[PDB]
Each structure stands twice: as structure tokens, then as C-alpha cells.
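Residue numbers (the entry's author numbering): 22 to 144.
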């Protein structure tokens, strides 16, 4: 149907905007601490601690499959990256501190992304 196509165009448009958001967020992680999933070979007990691992590569996979239906779902996954890190790692670590900085700087980006999704009406 034509209605189904219109919806798919909106989803495609949303995916385009989220791809830009993802690129902007990942630039706030120049150390690339959050680029890839935590290795279970190098951190064998990780899943005992963290029940829902997340990382930028995994987000990008879901994104290109148009698997984010709205901004909230995308933000949930970004929050997982930050929150997982701040639980597993102690305050005095380069990992924890990198997550704080990503959260603070990412807030700016997500604030205007929400305005754009609402304004252009992608959800």
C-alpha cells in the first residue's frame, strides 16, 4: 500500500538522522573505548556483571537494519553503553571517566536531535 511506503520513508528518514547522531556521539569517544563490544575472552566474567552489553558497533548494526523505530529506542542503547561502563568500572578509572565525558557531551547532541525528530515529525 501507499501508506506502508510512506511509513517506510519516515523510518528511512529517521535512520538517516540517527546515523548522523551516532557519528556525532562517537566523535566524543576519541579513545574508542566504546567502539566494540567488551571481549568475553579478555573479560570472562563480564556477563555476570552486565546483563545487557552495548557498544557503538552493535548500535550501528541495528541502525543499518532500520531497527530503531524512534529516538527513545536509540537513546536507550546509548544509555546502556554509559551505564554499563559506570557500573563495571570504578570511579578512578580511565573507563569510568570516559563514560562521564561521553554522557555529558552526548547530552548536547541528543537535546537538539529530539527537537529535530519532533519538528520534522519522524515519529
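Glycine residues also receive a C-beta, built at the ideal position from the N, C-alpha and C atoms.
Between the alpha carbons of residue i and residue j, how many angstroms are there, rounded?
i, j, result
"residue 95", "residue 75", "11 Å"
"residue 135", "residue 60", "32 Å"
"residue 46", "residue 83", "16 Å"
"residue 128", "residue 100", "11 Å"
"residue 81", "residue 52", "18 Å"
"residue 40", "residue 63", "30 Å"
"residue 119", "residue 24", "44 Å"
"residue 104", "residue 115", "15 Å"
"residue 137", "residue 73", "29 Å"
"residue 125", "residue 132", "11 Å"
"residue 112", "residue 139", "36 Å"
"residue 29", "residue 110", "40 Å"
"residue 98", "residue 22", "32 Å"
"residue 93", "residue 85", "17 Å"
"residue 48", "residue 89", "21 Å"
"residue 66", "residue 31", "41 Å"
"residue 141", "residue 102", "27 Å"
"residue 33", "residue 91", "11 Å"
Compare the C-alpha of residue i against each of the options and name the closest.
i, options, result
"residue 87", "38, 106, 112, 114", "38"
"residue 107", "70, 91, 132", "70"
"residue 55", "92, 117, 66", "117"
If the criterion is Cβ atoms closer than 8 Å, does the pair residue i and residue j meet it?
i, j, result
"residue 50", "residue 123", "yes"
"residue 57", "residue 27", "no"
"residue 143", "residue 68", "no"
"residue 42", "residue 130", "yes"
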